[PDB]
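Let's start with one chain on its own, the form deposited in one PDB entry, as structure tokens.
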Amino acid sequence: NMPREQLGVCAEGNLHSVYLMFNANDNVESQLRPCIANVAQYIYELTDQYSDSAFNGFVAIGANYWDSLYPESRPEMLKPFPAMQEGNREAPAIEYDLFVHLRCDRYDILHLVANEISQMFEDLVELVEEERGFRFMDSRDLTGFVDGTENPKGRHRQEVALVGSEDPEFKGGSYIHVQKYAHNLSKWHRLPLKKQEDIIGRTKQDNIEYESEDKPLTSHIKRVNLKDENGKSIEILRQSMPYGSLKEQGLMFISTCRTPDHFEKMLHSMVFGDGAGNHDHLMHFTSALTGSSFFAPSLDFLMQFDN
């Protein structure tokens, strides 16, 4: 095929990340489109320049902003973040016009690049939120359990994450959902090991999946690992990482996917649960403060704009 995916939609894991949310100023579209193409290209080229430290990243566009920037066409299924709630379980929507996702095994390099990208946007946008994520131990969440075990590996990563010829104009791109989960860690780490393990549905140290006959229905793994009409695995490609500091810490949940309703189906099954009353009790211990829908176009889509 023709169009190239932005690297870092599907990159393997890194030690450090930078997450930037910009909102655009008024009537800046004429100038922002090419300015984005610049930044995307910058990010792509940097993968080579900083291969030393596995640099990769991408730029993605807010669902509620897309029509302003690129009014001539859309990704078929692009939709706002699917906010939900019931009881103390909220998944709110806070959308942002632009998302810049930077990953590297060195922090200083990410800092440099972040500055450079900011300086690139000039006075066209405003940084609303910034968060920096990190690998915690051997790819563990601050909860102490391994994250991303169930992620697809190999060429299957692209198969799951990237739009194919089902929407040829946007082939190469990916529907990106993001939730900033704030863990209540003191509440969590007061659970005895087995309660922790029964909540997640795997052993903590060796990260061993429970026999399905033992998986509680309220467990995270039971609740998030799903299957379509035909019992085929409904998959996403998580690029999530721990983030934050004492003031507030947890997991930057980042979903990348061919379709944006693979994420929906899963979020629904956590919040509202299985229809028989069992929801994801992991939500008793963490709070999604934000929820955002983007599309990360292929590099080539972005680049067709001077003007």
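We number the residues from 1 along the sequence you see.
The following text describes the form solved in complex with a small molecule, which does not appear among the structures shown.
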Query raised in the report: Is there a heavy atom of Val28 no more than 4.5 Å from a heavy atom of the small molecule in the deposited complex?
Result: no
Query raised in the report: Does at least one non-hydrogen atom of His220 fall within 4.5 angstroms of the small molecule in the deposited complex?
Result: yes
**Report entry** Non-hydrogen atom contact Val224 with the small molecule in the deposited complex at 4.5 angstroms
**Finding:** yes
**Report entry** Heavy atom of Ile117 within 4.5 Å of the small molecule in the deposited complex
**Finding:** no
Query - in the deposited complex, segment of 176 to 184, 190 to 198, 103 to 111, 119 to 127 with a heavy atom within 4.5 Å of the small molecule - result: 176 to 184
Requested in this report: Only one of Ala54, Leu69, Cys35, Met270 comes within 4.5 Å of the small molecule in the deposited complex by heavy atoms, so just point that one out.
Outcome: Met270
Requested in this report: May I ask you to choose, among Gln85, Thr149, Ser73, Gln205, the residue with a heavy atom within 4.5 Å of the small molecule in the deposited complex?
Outcome: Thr149
Query raised in the report: Would you say all of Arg238, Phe253 and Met266 touch the small molecule in the deposited complex, counting a heavy atom within 4.5 Å as a touch?
Result: yes
